[PDB]
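> The structure under discussion is supplied below as structure tokens; questions concerning it will follow.
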Amino acid sequence: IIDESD
Amino acid sequence: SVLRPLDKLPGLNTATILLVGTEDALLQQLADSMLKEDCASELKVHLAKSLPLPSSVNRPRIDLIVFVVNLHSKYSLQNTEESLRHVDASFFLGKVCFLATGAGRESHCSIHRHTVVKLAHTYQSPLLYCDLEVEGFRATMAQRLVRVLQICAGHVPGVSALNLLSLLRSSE
Amino acid sequence: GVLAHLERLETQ
Amino acid sequence: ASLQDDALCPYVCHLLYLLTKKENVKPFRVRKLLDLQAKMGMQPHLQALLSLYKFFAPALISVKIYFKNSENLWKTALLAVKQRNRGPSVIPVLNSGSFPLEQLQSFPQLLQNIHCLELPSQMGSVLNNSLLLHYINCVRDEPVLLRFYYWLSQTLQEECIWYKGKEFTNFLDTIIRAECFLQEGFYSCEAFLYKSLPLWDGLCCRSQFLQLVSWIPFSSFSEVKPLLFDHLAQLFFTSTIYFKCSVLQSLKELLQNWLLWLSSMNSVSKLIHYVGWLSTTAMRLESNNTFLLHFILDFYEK
Amino acid sequence: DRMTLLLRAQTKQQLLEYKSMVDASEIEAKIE
Amino acid sequence: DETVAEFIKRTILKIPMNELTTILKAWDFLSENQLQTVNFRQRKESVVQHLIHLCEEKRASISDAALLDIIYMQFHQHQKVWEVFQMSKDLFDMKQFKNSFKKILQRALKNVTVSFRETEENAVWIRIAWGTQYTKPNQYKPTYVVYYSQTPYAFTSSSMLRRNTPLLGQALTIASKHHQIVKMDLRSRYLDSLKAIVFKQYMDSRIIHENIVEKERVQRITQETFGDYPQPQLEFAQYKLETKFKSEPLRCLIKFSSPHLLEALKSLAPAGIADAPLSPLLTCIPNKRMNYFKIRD
Amino acid sequence: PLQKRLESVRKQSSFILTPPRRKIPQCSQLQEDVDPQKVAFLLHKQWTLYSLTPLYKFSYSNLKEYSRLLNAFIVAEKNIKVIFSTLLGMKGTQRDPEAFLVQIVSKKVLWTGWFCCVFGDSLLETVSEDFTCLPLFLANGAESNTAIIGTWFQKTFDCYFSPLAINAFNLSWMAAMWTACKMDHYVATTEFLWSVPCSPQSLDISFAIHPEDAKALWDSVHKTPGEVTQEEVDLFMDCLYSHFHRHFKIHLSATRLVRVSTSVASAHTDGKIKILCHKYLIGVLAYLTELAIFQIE
Amino acid sequence: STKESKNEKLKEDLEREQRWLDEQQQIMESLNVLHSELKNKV
């Protein structure tokens, strides 16, 4: 999962 | 597909060489140096990245096996020992040779040359040191490979592959 | 001398 | 006494730097020169003369130098050719009742002062100066052996790494010329050739390499073959026929040198058997070419 | 002509090598 | 004023003398006759002293000096690192936009040195020099913001903006008549490549090669993934990963540094270093418009 | 004499023997003779490596004479001074000679030179009494000063400095060596740097691991306690390569390692050394001291 | 051609050998006379 939340 | 030296018949005064390695550009340049001059016998050059060799019903005899190894990368090593499991022991009787590149630059040699020396001595195969980058060294290795091909192919009467192996054998 | 001669022979 | 004059002081210092021997370094002169240094300060000419005095008499002090206005006003062309005939960086510049080394400019001077010679700080200039080579031939001194060994070995390493050429070839030719003298081989060249032979292509400086193998110290034919003759055979079985004649000449010269030095027998017998095996193998190899046969037979006559 | 005889010789050495290989299909001092 | 004089002197010293004339042609604050009075073949000290004389003959101010600095930035546009801000959630006017932005930044604390300069392709360049409640704004630590009219993106050079980041963002979004403003994690130095990426505006038959199918497949895959067009000039990448080992998750942190990325990555597969299909973490840099990544198991 | 047995011992020196295992250094506090201020000046600084042939007729007493001679040489080459100091406590054995420092002070130290040898006895076993064996030189300052000092030393003591190089094998071994070392305060995450071989400058991969994850992986691949073996290093590299390939399907193994940094120290192939923790400092020297011998022999 | 080249090479080497032999000769008489003078002096 590429965490896009930062 | 395990390769065998005694599968088919060769052409009329025809010789073939095989180069297995990782650097494609270096292999192409080495083959260019191979075919800069042509002797009386016609010469075929094959280049591959790994073994077993791709299947081809039209494959002629491969009279010589040459593995190029770069001391700059362990990946080339792992390639060599993985590819070594797809050839019979009969090739090891003088039909196989190892050429190390970049050995002169001791700073750039990633793996130590003692490792490849031990690898070659384990299988009792000729070991050659050269630098493909230098044009002069590459050319010298070019006539060297052409003439060792002439010796192993049986073109010159008197010696065979096991004879040259007993010639090029290391003491230890 | 003769060694320089042999070297100029490989130059050919 | 002309050091008191401050108009003549630099020129007098430059003259005394050339004229001073060990006998001239008297305590009164050291004291007066120190007082003059205290008066004028650490001037370059004063410091050069004082360094010479320290070299000659270190006990009195604790208790190749540029001088200003030293342009040669009298430098004609014929004086230049005579100055260059007066001398019979890869080579370090030489820096000095022992006889001063700078004063050594004639053969009779060396003949008179051979006993009281002093070892140079750097002996690289010994190579191109045959005068010091005469004393080197018999000095048999342990420390200078190691000093020259490390010198020449690191010089060979740096030259080889910098090459990858004409200056390197000329330097190796000078080394070979010096090797012709002393009637014995060096060890720095031996170690360099051992290190570089496996990596050697056979054509970088073939002329230079093949003349060093001629001067190889005598050793049993059981340690050199695993390290030296294996790659020699590797090249020999695959290189040009002229290269074969070349290595044949090199090995016959080695045999000549070894016999000359000896004048044990198992080693030379094994060497002869090995070279004969190479001979017959190559004689088969080249479709029986008489060009190599000539070298075979000449070697066998030797 | 010359090409014919050199091909003949090369075939001779190849046949000898193949005969040796098929015969061999059935320490160090001994080898030396 | 001496402050503006030394500011102009410093900016000129930053400008290479080989293009100073062009600067004047782009500055146009001084009359062409004054330019003719100065020759550019003479010494650097002489030319800067003559330029100081020329600007002192006229009335030197802050707006003209800021415009000169802005145009110097335009000609170089290579000395700073740029970040990209996105606005979200249709009538535009230059004058009222400038008025609103100026009013907001004046209301920020009490004052700020703000200068505007319209450029081609609707590139309004804004130079901002920050100052506190009790000090004149400093001209030695400036910041630059590039705005495109009626667009959801803006560019900012962050040299000292970390002091007060939300202020600039809220001012920009209120001036742009946009509600939500966010900062995507994308940072680079080649500003033109950022422009392109954000808008998506970008024989010896004797030899018998074997495994040629592998070579033709890898080159075809590389060409399809990258393309014949010159890839955007991107210079820095960094992935922050935290994934299970599967061989307590391992936390990895990689940085890719290259004077020309997307080209060495383009040559990895032909050189055989990586597999024929590259991982999506490297094949979507222009696609996903993302430069910094985070990976979890 | 010494030359004959020296010839024999380097004749026996062939690349046939197995690489011996190395004992992991333990937490060792600075020695009593070691001045904390001197090493603190030495530590947290960048050093360039040089290999040296043994000194000829070197005395530790006439240090002022050496200082004035260097000053005279410098002024001949041309408000600076040269200071010689003697540093105690950093010799591996009593056989290893005393170490010393040379400093250039502008009447603010600008150039520092360190001559030392730790656990280096093979050179000391093949040397006569006249010589002094300190084959390790560390330089910190301008390159011109280093060249001048080298020229003076070449003229004086009949020796050269050779720029010592570190290959990928040695750098990986030393990386494993310090990651085996126990650090109470993990103040710097381990970091590796690579360089793809290409004539144009290309991507340079930097790979960083959290110190806890690195220590856990090491202890997982740690078999012989208190010792490091070639199999341990090889499995360490293999695990890192497998992790990288699982992440990105990129064979990092086909790349040249160029720089390795950990919590205690950092090394670069060109000959750059950075030291942070004193607890292993001495042992560090010993290891690199062997490389000087390996360059001399 | 190799035969000539080695002929002149050997001639040159022989001339150099006589040169070295001559020089070391007076070297030997000088060393011997110096040794005798030192022996007589003491």
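In the structure tokens, chains take letters A, B, ... by order of appearance, with residues numbered from 1 within each chain and ligands from 1 in the order shown.
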Skip residue 4 in chain A itself and residues of its chain fewer than 3 positions away, then list as an MDAnalysis selection string all residues within 10 Å of it, counting only C-alpha atoms.
(chainID A and resid 1) or (chainID F and resid 184:185 290 292:295)
> At a cut-off of 8 Å, using only C-alpha atoms, what residues contact range 3-17 of chain E? Leave out same-chain residues fewer than 2 positions from it and give the result as an NGL selection string.
(:B and (12-13 or 154-157 or 160)) or (:E and (1 or 19-21))
> Would you mind exporting N, CA and C atoms of the selected residues as a PDB file, in the first residue's frame?

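Output saved as again-v2.pdb:
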ATOM      1  N   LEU B  12      31.590 -27.514 -42.663  1.00  0.00           N
ATOM      2  CA  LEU B  12      32.851 -27.701 -43.370  1.00  0.00           C
ATOM      3  C   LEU B  12      33.788 -26.564 -42.981  1.00  0.00           C
ATOM      4  N   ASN B  13      34.788 -26.880 -42.156  1.00  0.00           N
ATOM      5  CA  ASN B  13      35.749 -25.895 -41.658  1.00  0.00           C
ATOM      6  C   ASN B  13      35.040 -24.754 -40.935  1.00  0.00           C
ATOM      7  N   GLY B 154      40.151 -28.621 -33.263  1.00  0.00           N
ATOM      8  CA  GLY B 154      40.771 -29.699 -34.000  1.00  0.00           C
ATOM      9  C   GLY B 154      41.254 -29.331 -35.382  1.00  0.00           C
ATOM     10  N   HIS B 155      41.269 -28.041 -35.721  1.00  0.00           N
ATOM     11  CA  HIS B 155      41.747 -27.603 -37.025  1.00  0.00           C
ATOM     12  C   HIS B 155      43.225 -27.897 -37.236  1.00  0.00           C
ATOM     13  N   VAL B 156      44.048 -27.748 -36.200  1.00  0.00           N
ATOM     14  CA  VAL B 156      45.482 -27.996 -36.294  1.00  0.00           C
ATOM     15  C   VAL B 156      45.744 -29.436 -35.845  1.00  0.00           C
ATOM     16  N   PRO B 157      46.417 -30.252 -36.651  1.00  0.00           N
ATOM     17  CA  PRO B 157      46.664 -31.643 -36.251  1.00  0.00           C
ATOM     18  C   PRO B 157      47.715 -31.740 -35.158  1.00  0.00           C
ATOM     19  N   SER B 160      44.516 -31.887 -28.712  1.00  0.00           N
ATOM     20  CA  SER B 160      43.087 -31.843 -28.451  1.00  0.00           C
ATOM     21  C   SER B 160      42.831 -30.930 -27.258  1.00  0.00           C
TER      22      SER B 160
ATOM     23  N   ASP E   1      41.451 -29.037 -53.571  1.00  0.00           N
ATOM     24  CA  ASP E   1      42.906 -29.016 -53.479  1.00  0.00           C
ATOM     25  C   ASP E   1      43.355 -28.926 -52.025  1.00  0.00           C
ATOM     26  N   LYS E  19      36.052 -41.205 -31.515  1.00  0.00           N
ATOM     27  CA  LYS E  19      36.373 -42.578 -31.141  1.00  0.00           C
ATOM     28  C   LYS E  19      36.895 -42.639 -29.712  1.00  0.00           C
ATOM     29  N   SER E  20      37.768 -41.700 -29.346  1.00  0.00           N
ATOM     30  CA  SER E  20      38.265 -41.657 -27.975  1.00  0.00           C
ATOM     31  C   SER E  20      37.134 -41.392 -26.988  1.00  0.00           C
ATOM     32  N   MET E  21      36.215 -40.488 -27.336  1.00  0.00           N
ATOM     33  CA  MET E  21      35.104 -40.183 -26.442  1.00  0.00           C
ATOM     34  C   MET E  21      34.198 -41.392 -26.251  1.00  0.00           C
TER      35      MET E  21
END
> Determine the nearest neighbour of residue 112 in chain B from the options G:258, G:52, G:16, G:286, counting only C-alpha atoms.
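Of G:258, G:52, G:16, G:286, the one nearest residue 112 in chain B is G:16, counting only C-alpha atoms.
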> Could you name the residues that touch residue 112 in chain G at 9 Å or less, counting only C-alpha atoms, but leaving out those on the same chain fewer than 2 positions away, as a PDB file with N, CA and C atoms, in the first residue's frame?

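In the end it all went to selection_9.pdb:
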ATOM      1  N   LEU G 101      51.063  14.156  15.977  1.00  0.00           N
ATOM      2  CA  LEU G 101      50.202  15.021  15.185  1.00  0.00           C
ATOM      3  C   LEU G 101      50.997  16.219  14.688  1.00  0.00           C
ATOM      4  N   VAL G 102      50.657  16.687  13.490  1.00  0.00           N
ATOM      5  CA  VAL G 102      51.209  17.915  12.934  1.00  0.00           C
ATOM      6  C   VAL G 102      50.044  18.822  12.562  1.00  0.00           C
ATOM      7  N   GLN G 103      50.135  20.093  12.946  1.00  0.00           N
ATOM      8  CA  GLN G 103      49.043  21.037  12.771  1.00  0.00           C
ATOM      9  C   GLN G 103      49.553  22.320  12.130  1.00  0.00           C
ATOM     10  N   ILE G 104      48.704  22.938  11.316  1.00  0.00           N
ATOM     11  CA  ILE G 104      48.975  24.240  10.720  1.00  0.00           C
ATOM     12  C   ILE G 104      47.997  25.230  11.338  1.00  0.00           C
ATOM     13  N   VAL G 109      43.143  26.120  13.318  1.00  0.00           N
ATOM     14  CA  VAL G 109      43.875  25.068  12.626  1.00  0.00           C
ATOM     15  C   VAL G 109      43.237  24.805  11.267  1.00  0.00           C
ATOM     16  N   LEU G 110      44.073  24.777  10.227  1.00  0.00           N
ATOM     17  CA  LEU G 110      43.602  24.558   8.869  1.00  0.00           C
ATOM     18  C   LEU G 110      44.004  23.213   8.282  1.00  0.00           C
ATOM     19  N   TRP G 114      48.158  13.082  10.751  1.00  0.00           N
ATOM     20  CA  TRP G 114      48.295  12.075  11.799  1.00  0.00           C
ATOM     21  C   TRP G 114      49.084  10.901  11.246  1.00  0.00           C
ATOM     22  N   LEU G 138      46.704  10.114   8.165  1.00  0.00           N
ATOM     23  CA  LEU G 138      45.387  10.721   8.046  1.00  0.00           C
ATOM     24  C   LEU G 138      45.559  12.214   7.822  1.00  0.00           C
ATOM     25  N   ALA G 139      44.956  12.725   6.752  1.00  0.00           N
ATOM     26  CA  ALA G 139      45.072  14.134   6.396  1.00  0.00           C
ATOM     27  C   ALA G 139      43.710  14.797   6.513  1.00  0.00           C
ATOM     28  N   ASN G 140      43.688  16.035   7.002  1.00  0.00           N
ATOM     29  CA  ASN G 140      42.459  16.813   7.084  1.00  0.00           C
ATOM     30  C   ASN G 140      42.788  18.278   6.845  1.00  0.00           C
ATOM     31  N   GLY G 141      42.431  18.782   5.675  1.00  0.00           N
ATOM     32  CA  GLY G 141      42.675  20.163   5.334  1.00  0.00           C
ATOM     33  C   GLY G 141      42.746  20.338   3.834  1.00  0.00           C
ATOM     34  N   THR G 146      48.467  19.436   1.874  1.00  0.00           N
ATOM     35  CA  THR G 146      48.810  18.019   1.907  1.00  0.00           C
ATOM     36  C   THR G 146      49.895  17.694   0.891  1.00  0.00           C
TER      37      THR G 146
END
